[PDB]
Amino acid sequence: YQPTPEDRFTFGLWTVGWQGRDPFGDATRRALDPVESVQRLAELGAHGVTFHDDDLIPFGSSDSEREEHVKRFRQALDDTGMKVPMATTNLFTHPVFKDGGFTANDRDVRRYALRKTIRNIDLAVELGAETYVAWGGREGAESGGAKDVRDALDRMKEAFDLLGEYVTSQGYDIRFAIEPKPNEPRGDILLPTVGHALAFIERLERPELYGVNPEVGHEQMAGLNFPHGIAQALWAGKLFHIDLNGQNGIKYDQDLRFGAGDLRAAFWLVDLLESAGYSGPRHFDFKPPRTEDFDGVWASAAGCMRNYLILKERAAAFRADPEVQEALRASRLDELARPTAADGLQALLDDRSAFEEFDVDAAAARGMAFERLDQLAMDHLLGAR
């Protein structure tokens, strides 16, 4: 199960670079040089990296230092053949962002958050990224009077609409991907799920510039079915990017390596991305546990990739198995994919077999055969066929 760069595996600088500072505990690992991580991730078989502005250029860097940091970084990309498919802005760490960036109550902060963003879209385009992520982690509230949500959506729509004006004015090929999260670090975060983000995009001036960046662990923090939300994103044409990780239920945001957490969810998510032909990056947004030294870092990043490739093999065996395709017909998946009434409304209304003469008892008696199907999918996952 060996990754190659053709598998499209990517990692944030902040993921392998997490020093292991948590709400109760100091760092347990020294800071990695971005150079270092590029080199070590290319050896493991990754395809590229991603960054916040602030991961690559230290906050408050002179323009003399910015350019330095960028030079070095670009040399290591040249030396390794790594790409930069996606970039994003840190609008959550510095204290100025303690009430948000694009929805902060202070208007000055809000203009500062769009200037800091625009600066990093230029760099992102220079470095070749196709997708620009926006996680509004400070956009929200711990209290009901602190934030009027209708005014805060007006602000959010204004900031995204100015960024879409900027990008079309510059000529850039770059799209935006909004990342939902339901809570943490705010008490409640605005656009908390995939469905809220999808809905919001349909109100922006140019909706075809924006899609979603869902993360495994974030929709599971609301107790939702991650493969069902991604289906919906796929159904809308809006799955621009995806963050892969693991999460054990409804609790703080664990960011465990991909395959950890809900491992059957993980199986149905790979099944779906592979059968829909998702062709963007398989990005890992994870934190190696603070228990680990640098050995455990690179082990944990390697197991992200491994577990994807194992689950891809088992989902492919599942769909390719004749006894499975027979089960799928027994459970009427074929019929789910046929129109209910291609005949149209009038013919439906005149069809007596639809109502007046429909035998509800006979229909109700038929078994759906779902459990036999599900066990087939379990035997496939476990390799126990």
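Start at 1 with the first residue shown and count on from there.
- Stretches compared: 346-354, 55-63. Higher mean C-alpha B-factor in the entry: 55-63.
- In this entry, the higher average B-factor at the C-alpha atoms falls on 73-81, of the pair 235-243 and 73-81.
- Taking the PDB entry at face value, the top CA B factor among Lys157, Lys312, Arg119, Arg306 belongs to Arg119.
- By the numbers in the PDB entry, the CA B factor is greatest at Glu130 among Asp285, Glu130, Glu184, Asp99.
- In this PDB entry, the Cα temperature factor of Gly140 sits in the middle third of its chain's modelled residues.
- Sort the chain's modelled residues by C-alpha temperature factor and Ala363 lands in the highest third, per the entry.
- When the modelled residues of the chain are ordered by their C-alpha B factor, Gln39 lands in the highest third.
- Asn105: CA B factor in the middle third of modelled residues in this chain (values from the PDB entry).
- Among the modelled residues of its chain, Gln170 has a C-alpha B-factor that falls in the highest third according to the deposited record.
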